[PDB]
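Contents: one structure, followed by commentary.
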Amino acid sequence: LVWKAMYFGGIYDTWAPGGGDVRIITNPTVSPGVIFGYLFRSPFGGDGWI
Amino acid sequence: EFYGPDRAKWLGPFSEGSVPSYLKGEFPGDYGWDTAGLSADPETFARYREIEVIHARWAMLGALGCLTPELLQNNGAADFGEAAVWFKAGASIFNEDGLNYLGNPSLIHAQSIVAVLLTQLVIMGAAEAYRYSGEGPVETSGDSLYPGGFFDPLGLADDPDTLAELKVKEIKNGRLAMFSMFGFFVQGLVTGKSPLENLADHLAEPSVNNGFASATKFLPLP
Amino acid sequence: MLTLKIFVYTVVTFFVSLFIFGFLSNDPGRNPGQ
Amino acid sequence: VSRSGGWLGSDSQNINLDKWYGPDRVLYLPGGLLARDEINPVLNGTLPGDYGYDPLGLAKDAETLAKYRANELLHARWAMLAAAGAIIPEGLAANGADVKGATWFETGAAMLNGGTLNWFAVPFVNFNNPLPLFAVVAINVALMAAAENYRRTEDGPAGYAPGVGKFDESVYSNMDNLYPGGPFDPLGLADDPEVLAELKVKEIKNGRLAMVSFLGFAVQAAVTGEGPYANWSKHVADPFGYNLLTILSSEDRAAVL
Amino acid sequence: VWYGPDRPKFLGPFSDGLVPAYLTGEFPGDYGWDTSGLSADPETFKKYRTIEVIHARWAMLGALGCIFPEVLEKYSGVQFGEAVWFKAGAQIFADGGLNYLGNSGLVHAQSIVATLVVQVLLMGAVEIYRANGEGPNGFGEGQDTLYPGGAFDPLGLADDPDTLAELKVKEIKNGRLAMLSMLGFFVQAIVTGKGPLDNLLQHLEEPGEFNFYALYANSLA
Amino acid sequence: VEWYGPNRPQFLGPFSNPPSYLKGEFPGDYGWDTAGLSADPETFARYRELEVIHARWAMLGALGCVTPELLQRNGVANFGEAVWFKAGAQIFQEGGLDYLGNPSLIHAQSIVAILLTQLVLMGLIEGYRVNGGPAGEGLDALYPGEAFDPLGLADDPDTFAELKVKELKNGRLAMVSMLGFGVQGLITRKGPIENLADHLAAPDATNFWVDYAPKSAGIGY
Amino acid sequence: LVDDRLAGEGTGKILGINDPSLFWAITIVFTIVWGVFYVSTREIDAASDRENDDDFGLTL
Ligand code: CHL
Ligand code: CHL
Ligand code: CLA
Ligand SMILES: CC1=C[C@H](O)CC(C)(C)[C@H]1/C=C/C(C)=C/C=C/C(C)=C/C=C/C=C(C)/C=C/C=C(C)/C=C/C1=C(C)C[C@H](O)CC1(C)C
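Residue numbers (PDB author numbering), protein chains in the order written: chain C, 163 to 212; chain G, 40 to 261; chain I, 1 to 34; chain S, 33 to 289; chain Y, 40 to 260; chain N, 38 to 258; chain W, 60 to 119.
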């Protein structure tokens with residue numbers, strides 16, 4: 163999946179600047195705080211877990 | 040008291056269980072201190088004893104030599120400039136007038152760093168080589184550490200009982216010199232001033248001008 | 001309210017920890033058969 | 033003491049010759065598809081890489097098998113040198129190295145019209161090789177003809193090899209036609225009989241892989257008209273966009289929608 | 040598991056051609072690492088063994104003590120004068136003096152000489168008792184000089200000799216880890232100039248961007 | 038006799054009083070153990086192995102620390118950082134680390150890949166050296182030979198003994214030069230080849246005693 | 060504003076830890092329970108009459 167999103171064409175990004183389009187992901191977010199933030203987030207409103 | 044089983048020890052009255060078995064008060068300076076067992080092997084102990092005595096003797100020479108020029112500078116017996124401080128005497132050889140003994144240009148008046156270095160290599164190289172050899176033109180006893188004979192003009196080692204006790208005096212004055220010399224090295228690095236200037240500052244304000252005044256001098260900064 | 005939150009976090013963690021280490025205490029061996 | 037040993041610590045040397053030699057040797061078809069009694073009897077599991085694979089019944093006796101194995105091992109060793117030598121120089125040029133005649137099927141043309149080649153001692157300095165084409169043809173033919181004749185006649189001149197030091201003509205005697213050893217084994221990796229048997233299996237298996245690979249290099253050259261490195265680099269760059277099917281299309285496929 | 044000829048060794052599968060003969064597995068933490076032959080002599084090995092355990096127990100206290108005030112300052116309401124371990128010494132020169140937990144009612148030390156005199160008197164007496172093997176009025180007569188027990192084991196966690204052998208491996212291995220990490224605290228203090236907790240929290244912010252090689256390696260030469 | 042035995046040369050020329058344990062049985066025995074460090078036969082063995090391994094590493098390092106700089110000074114090749122104490126910083130440059138400057142060679146980009154591969158590669162290599170492995174097992178620890186002597190230059194026992202003395206003497210010289218590179222680099226902050234050029238250009242003015250010695254106390258370099 | 064509140068609702072905080080004190084509440088409690096559990100594992104297993112070797116545990 164990450165090879166598809168970074169080297170083979172890319173993944174459709176609905177948030178892409180200029181309108182939703184297929185986009186190459188060049189800076190994946192691998193920060194531990196961001197990853198752990200999603201995993202141990204609440205499942206309730208506003209948080210929604212992952 | 041300085042030899043045998045009831046000799047003085049590094050921990051005083053509380054040194055019974057701290058003395059290694061191989062330290063039996065047979066040599067000068069045996070306060071039974073070897074918490075690292077570095078002298079457990081008899082052959083390495085003998086070599087370490089020679090290194091200690093040679094170091095102790097250089098330190099006694101060094102401690103006196105690191106203060107004598109500064110004392111003369113203070114009382115006005117001679118002028119050295121910045122060379123009065125022991126850790127600045129080396130650059131003196133690079134002065135336009137040259138290294139003048141006692142500040143007198145009619146004395147050594149050395150100018151060449153190579154000459155003072157090559158001369159020392161030949162002289163000390165010969166002197167040290169004879170010491171390692173254990174034999175030489177001079178007359179000595181069979182002890183390499185304690186030659187006597189030629190190196191004992193005054194017969195102070197002739198009496199054997201006094202010789203054993205004087206040996207303790209040599210190592211004990213020597214060890215104090217080595218500790219003080221380490222103090223000269225560290226104080227020179229930390230304070231940056233001469234040992235006598237360090238002493239004067241401690242006397243001026245003992246509670247403030249002490250080692251902890253420079254305790255924060257080498258704080259690593261981001 | 002933080003005092004209340006810390007008290008509840010202490011209480012909830014206590015009962016969950018008992019539940020977790022309770023089943024780690026050779027639970028499967030606690031059966032009447034052989 | 034031994035000149036052989038394991039690679040992953042003490043007791044890490046586990047050379048199982050049973051999988052490659054004997055009745056339970058692996059076969060080109062699994063157990064449930066091919067019974068071991070359906071294998072040609074001449075393939076008894078004594079030669080390296082005997083997968084029991086010989087449809088068309090080409091090998092009908094030990095002599096025929098021995099003659100063909102002499103051919104297979106030579107075709108395999110040459111393909112291993114070629115496979116490595118056909119793609120390594122091209123990979124250098126594609127990455128910025130100054131190599132004239134990168135693609136293997138275009139190196140010959142580079143020597144035409146008096147042009148020369150650059151030999152790259154890759155770890156270190158490159159070379160502007162002065163040998164002209166006429167000279168290269170003469171030297172290569174002379175050295176290769178002499179080398180092959182020595183192999184054909186099973187005898188050669190005395191010389192020096194590091195493993196054996198200085199040797200005479202006597203060493204050429206008692207050398208296997210396919211596994212000469214001796215001077216040809218300077219590192220002495222053939223000393224252990226169990227290791228030698230296993231390494232023989234790796235030789236033909238890497239060799240058979242190289243032969244099929246060079247066949248692809250040739251077929252690919254005819255179709256795509258590019259060097260093997262260029263085909264690989266662009267398959268990896270855009271796999272679905274650059275493969276055999278896309279090339280065969282040879283047209284801008286209209287969107288289906 | 041940890042004793043005898045079948046104990047684990049420091050080079051794993053390759054640790055068999057360099058295990059010294061004198062390293063047999065009779066002492067805790069014996070991974071057969073003496074490649075420089077320093078402990079060839081049994082008497083020197085005995086002393087080196089005490090030095091390691093002592094350096095280890097100080098390191099374990101040091102490792103915890105060097106990070107605990109820094110942890111407590113960031114993740115609690117405590118406000119130390121200097122939470123960073125290599126700046127906590129200068130607290131005694133501050134106007135308010137050294138206040139334990141930042142509370143002026145605790146300790147409130149204000150003279151470095153008085154603390155030093157009390158330390159050399161207390162640590163001097165204590166280290167003498169360990170060295171001599173018996174405290175005041177023969178407090179520790181007969182107890183092991185490295186593993187005393189008795190008064191030093193109030194909870195009796197090492198009454199069973201088999202448990203003792205296992206736990207002595209735990210002590211030396213946590214101790215060796217602490218010693219290795221205290222080396223980290225020293226060098227990271229020299230190079231980064233920040234507290235060890237700050238170094239960790241910086242690694243965790245973005246490990247690729249905030250590490251030794253991406254920040255400081257180029258400056259060291 | 039010339040290099041082994043009681044008639045061997047000594048570190049102090051005529052004045053020769055070799056320690057008893059030094060009996061000219063091993064290569065490079067000039068009877069120099071004034072500190073008595075190798076009095077223990079087991080420790081001496083361990084020390085001899087350390088010296089040979091250090092010497093072989095030093096010989097590779099000494100040649101490897103001047104080769105990039107010699108090529109750069111002679112304009113033979115361009116390196117991102119030819120000076121040895123700066124070569125490591127090349128990994129953090131823009132295009133990465135290119136061998137000999139040619140972008141088609143190695144072209145490494147991540148220090149983590151270099152570190153992890155070296156950990157695995159050198160971990161196996163050193164394990165093979167001490168426990169034995171693919172190249173052979175049961176071979177001499179310091180002088181395995183076999184695959185490591187393909188040319189057979191050590192086939193003659195006499196030549197092997199003399200060549201072993203040559204290895205240590207070239208190795209010991211390389212070890213001293215490595216200390217020189219480090220100390221000179223830490224002081225001059227310039228590559229060793231550049232430092233040599235300076236001494237040859239004006240030896241009476243760029244010598245250490247005149248250039249830095251006078252500024253080693255109270256004044257910066 | 061007129062009143063005070065934690066204002067942590069819908070903020071995506073790890074384990075809902077708005078302040079570091081909650082971390083100590085969870086960590087201390089878990090460590091204590093883990094502490095009493097850890098020093099009792101051998102006794103609990105001893106009741107099985109088997110040793111917790113590679114063949115221990117309910118197995119069909
Ligand atoms: C009665 C108690 C008594 C005590 C406690 C000591 C203690 C000591 N004696 Mg001793 N002695 C004692 C009685 C006697 N001695 C001697 C005769 C001798 C001799 C001849 C010698 C000693 C020596 C020593 C020292 C051993 C070396 C050392 O560093 O030790 C361990 C000590 C420490 C590890 C100190 C710990 C640090 C301390 C708290 C200071 C604080 C350090 C800094 C603040 C940290 C800064 C960090 C920065 C730089 C990063 C040591 C402190 C030796 C010496 O002089 O060593 C220097 C020595 O050669 N004693 C006699 C005559 C018979 C005694 C009679 O009672
Ligand atoms: C991070 C980016 C990075 C990049 C872009 C490169 C790029 C390169 N590296 Mg390098 N490296 C990189 C990082 C690193 N390298 C190394 C360690 C090395 C070494 C040790 C070597 C290189 C080499 C090379 C060059 C090889 C190309 C060549 O000349 O081939 C020429 C062609 C060939 C050698 C053969 C054909 C290659 C082509 C890929 C065919 C592949 C065929 C396979 C059958 C494919 C199989 C696929 C699988 C999935 C089935 C090349 C320019 C080599 C070199 O120096 O080149 C001269 C080399 O020997 N690198 C490390 C240290 C761990 C790195 C760390 O980051
Ligand atoms: C999880 C799937 C799986 C597993 C664990 C096994 C396991 C086994 N198979 Mg079996 N098999 C499978 C799937 C599987 N098979 C499928 C899908 C087919 C149809 C092609 C077969 C057809 C088959 C036959 C005809 C035989 C076995 C045999 C065997 C036994 C050993 C010999 C062997 O490996 O033969 C098979 C070897 C291969 C099929 C070579 C395939 C090449 C590689 C492994 C393909 C990998 C491609 C890639 C990873 C797939 C991507 C994932 C995909 C789902 C998208 C062995 C226990 C033999 C046996 O039972 O002995 C009596 C035997 O005769 N298998
Ligand atoms: C085994 C082997 C074998 C072979 O043969 C040889 C060889 C190699 C030699 C060997 C090895 C060795 C080693 C590794 C060593 C290391 C060590 C260390 C690191 C230590 C530390 C060590 C360290 C340590 C103790 C530490 C300590 C600390 C302490 C006390 C304390 C501190 C502190 C605190 C709390 C806080 C504050 O604020 C500050 C202070 C006050 C400061």
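Ideal Cβ placement from N, Cα and C applies to all residues, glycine included.
- Item | Three-state secondary structure (DSSP) of N/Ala114 | Along the sixth sequence, one-based indexing puts residue 114 of chain N at 77. The answer is coil: DSSP assigns N/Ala114 none of H, G, I, E or B.
- Using a Cβ cut-off of 7 Å, which residues of the stretch 126-145 of chain S contact any Cβ in chain N, in chain order? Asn127, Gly128 and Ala129
- Rounded to whole angstroms, what's the CA-CA distance from residue 270 of chain G to G/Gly129? Just pull it up for me. In the structure as shown, chain G begins at 40 and stops at 261. Residue 270 of chain G is therefore absent and cannot be evaluated.
- Task: Answer yes or no: does any C-beta atom of chain Y fall closer than 8 Å to that of S/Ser44?
- Result: The count along the fourth sequence starts at 1 and reaches residue 44 of chain S at position 12. Cβ-Cβ to chain Y under 8 Å: yes for S/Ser44.
- Message: Below 7 Å, is the gap between the Cβ of S/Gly84 and the nearest heavy atom of ligand 3?
- Response: In the fourth sequence, the residue the question calls residue 84 of chain S occupies position 52. It does not: the Cβ of S/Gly84 is nowhere closer than 7 Å to a heavy atom of ligand 3.
- Message: Just checking: is the beta-carbon of S/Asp270 within a distance shorter than 8 Å of some beta-carbon in chain C?
- Response: Locating residue 270 of chain S in the fourth sequence gives position 238, where the first residue counts as 1. So yes, S/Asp270 belongs to the interface.
- Item | Where the beta strand (DSSP E) containing N/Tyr258 begins and where it ends | By 1-based counting over the sixth sequence, the position of residue 258 of chain N is 221. Per DSSP, N/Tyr258 belongs to no beta strand (DSSP E) and is neither H nor E.
- Query: With G/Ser253 and G/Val229 assumed to form a contact (beta carbons below 8 Å), what rounded beta-carbon distance in angstroms separates them?
  - Reply: One-based indexing of the second sequence puts residue 253 of chain G at position 214. One-based indexing of the second sequence puts residue 229 of chain G at position 190. About 5 Å separates the two Cβ atoms, so the contact holds.
- Item | Chain-ordered residues, beta carbon under 6 Å from a heavy atom of ligand 2 | S/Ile119, S/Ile120, S/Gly123, S/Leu124, S/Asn127, S/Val154, S/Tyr261, S/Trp264, N/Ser141, N/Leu142, N/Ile143, N/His144, N/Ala145, N/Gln146, N/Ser147, N/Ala150, N/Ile151 and N/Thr154
- Taking 7 Å as the limit, tell me which residues put their C-beta closer than that to any heavy atom of ligand 4, in chain order. Y/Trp72, Y/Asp73, Y/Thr74, Y/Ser75, Y/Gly76, Y/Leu77, Y/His94, Y/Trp97, Y/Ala98, Y/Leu100, Y/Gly101, Y/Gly104, Y/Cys105, Y/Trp124, Y/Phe125, Y/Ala127, Y/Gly128, Y/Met218, Y/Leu219, Y/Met221 and Y/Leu222
- Where C/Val184 sits in the DSSP three-state scheme: Counting from one through the first sequence, the residue named residue 184 of chain C turns up at place 22. Strand at C/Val184.
- Query: Whose CA, out of G/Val177, G/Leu202, G/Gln150 and G/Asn134, lies closest to the CA of G/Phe190?
  - Reply: Within the second sequence, residue 190 of chain G is the residue found at index 151, counting from 1. Answer by Cα proximity: G/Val177.
- Message: Against W/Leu60, what residues of chain I qualify as contacts under a CB-to-CB distance less than 8 Å, listed in chain order?
- Response: Taking the first residue of the seventh sequence as 1, we reach residue 60 of chain W at position 1. Those do not exist, as W/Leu60 stays about 15 Å from chain I at its closest Cβ, beyond 8 Å.
- Task: Closer than 9 Å by beta-carbon distance: list the chain Y residues that pair up with W/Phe82, in chain order.
- Result: On the seventh sequence, position 23 is the one that residue 82 of chain W refers to. Chain Y residues near W/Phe82: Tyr114.
- From N/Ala76, N/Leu176, N/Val149 and N/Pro56, pick the residue whose C-alpha is nearest to that of Y/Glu248; which is it? Against the fifth sequence, residue 248 of chain Y aligns to sequence position 209. Residue N/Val149 is the option with its Cα nearest to Y/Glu248.
- Using the Cα positions of G/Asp197 and G/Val161, report the straight-line distance between them to the nearest angstrom. By one-based count along the second sequence, residue 197 of chain G stands at place 158. By one-based count along the second sequence, residue 161 of chain G stands at place 122. Distance between the alpha carbons of G/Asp197 and G/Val161: 32 Å.
- Stretch pair the stretch 79-97 of chain Y + the stretch 58-75 of chain G: three plus CB contacts closer than 8 Å: yes
- Secondary structure at N/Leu97, three-state DSSP: helix, strand or coil? Taking the first residue of the sixth sequence as 1, we reach residue 97 of chain N at position 60. Here N/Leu97 sits in helix by DSSP.
- Item | C-beta atoms of Y/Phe224 and Y/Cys105 nearer than 8 Å | Residue mapping note: residue 224 of chain Y aligns to position 185 of the fifth sequence, counting from 1. Residue mapping note: residue 105 of chain Y aligns to position 66 of the fifth sequence, counting from 1. Yes, the pair counts as a contact, with Cβ atoms nearer than the cut-off.
- Task: Counting only the same chain and skipping the five closest in sequence on each side, list residues whose C-beta sits under 6 Å from that of S/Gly37.
- Result: As a position in the fourth sequence, residue 37 of chain S is number 5, starting the count at 1. Counting only Cβ-Cβ distances below 6 Å, and skipping sequence neighbours, we find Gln45.
- Task: State buried or exposed for Y/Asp73, treating a residue as buried only when at least 16 other CB atoms are found within 10 Å of its CB.
- Result: If you number the fifth sequence from 1, residue 73 of chain Y lands on position 34. Burial call: buried.
- Kindly list the residues whose CB is nearer than 6 Å to the CB of Y/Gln130, restricted to its own chain and excluding five residues on each side of it in sequence; keep chain order. Position 91 of the fifth sequence, counting from 1, holds the residue named residue 130 of chain Y. Around Y/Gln130: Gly120, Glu121 and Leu137.
- Beta carbon of N/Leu205, beta carbon of N/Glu86: below 8 Å? Your numbering for residue 205 of chain N matches position 168 in the sixth sequence. Your numbering for residue 86 of chain N matches position 49 in the sixth sequence. The answer is no: Cβ separation not under 8 Å.
- Task: Check whether the Cβ of S/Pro62 lies closer than 7 Å to any heavy atom of ligand 3, and answer yes or no.
- Result: Taking the first residue of the fourth sequence as position 1, residue 62 of chain S is located at position 30. S/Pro62 Cβ: within cutoff of ligand 3.
- Query: From what residue to what residue does the alpha helix (DSSP H) around S/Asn160 run?
  - Reply: One-based indexing of the fourth sequence puts residue 160 of chain S at position 128. Run containing S/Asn160: none in the alpha helix (DSSP H); it sits in the beta strand (DSSP E), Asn158 to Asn160.
- Any chance the CB of S/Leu289 is under 7 Å from a heavy atom of ligand 3? Start at 1 with the first residue of the fourth sequence, and residue 289 of chain S comes out as number 257. Outside the cutoff, so no.
- Query: What separation, rounded to the nearest whole angstrom, lies between the Cα atoms of G/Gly173 and G/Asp182?
  - Reply: The sequence position of residue 173 of chain G within the second sequence is 134, counting from 1. The sequence position of residue 182 of chain G within the second sequence is 143, counting from 1. Using only the alpha carbons, I get a separation of about 8 Å.
- How far does the beta strand (DSSP E) with S/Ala193 in it reach, from first residue to last? On the fourth sequence, residue 193 of chain S is found 161 positions in, with the first residue counted as 1. Taken as a continuous stretch (DSSP letters only), the beta strand (DSSP E) holding S/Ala193 covers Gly191 to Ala193.
- Item | 8 Å contact criterion, which S/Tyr274 and S/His267 should meet: CB distance rounded | On the fourth sequence, position 242 is the one that residue 274 of chain S refers to. On the fourth sequence, position 235 is the one that residue 267 of chain S refers to. Rounded, the Cβ-Cβ distance is 6 Å, consistent with contact.
- Item | S/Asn181, enclosing alpha helix (DSSP H) - first and last residue | Sequence index remark: in the fourth sequence, residue 181 of chain S carries index 149 (1-based). Run containing S/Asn181: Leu165 to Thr185, per the alpha helix (DSSP H) assignment.
- Through-space distance from Y/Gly214 to Y/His94, alpha-carbon basis: For the purposes of this step, residue 94 of chain Y is identified with residue 55 of the fifth sequence, where counting begins at 1. For the purposes of this step, residue 214 of chain Y is identified with residue 175 of the fifth sequence, where counting begins at 1. Using only the alpha carbons, I get a separation of about 8 Å.
- Query: What is the DSSP secondary structure of C/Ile173, reduced to helix, strand or coil?
  - Reply: Stepping through the first sequence from its first residue, residue 173 of chain C is reached at position 11. Of the three classes helix, strand and coil, the one that applies to C/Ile173 here is strand, per DSSP.
- Query: Bridge partners of S/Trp151, per DSSP?
  - Reply: By one-based count along the fourth sequence, residue 151 of chain S stands at place 119. Per DSSP, S/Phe159.
- Message: Distance cutoff 8 Å, beta carbons only. Does Y/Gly51 sit that close to anything in chain S?
- Response: The residue given as residue 51 of chain Y occupies position 12 in the fifth sequence. So, interface residue.
- Message: Rounded to whole angstroms, what is the Cα-Cα separation between Y/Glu180 and G/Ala79?
- Response: Stepping through the fifth sequence from its first residue, residue 180 of chain Y is reached at position 141. Stepping through the second sequence from its first residue, residue 79 of chain G is reached at position 40. So the alpha carbons of these two residues sit roughly 25 Å apart.
- Message: Please identify the residue among G/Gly104, G/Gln150 and G/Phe223 whose C-alpha is closest to the C-alpha of N/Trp246.
- Response: As a working note, residue 246 of chain N is residue 209 in the sixth sequence. Looking at the Cα atoms, G/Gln150 is the closest of the given residues.
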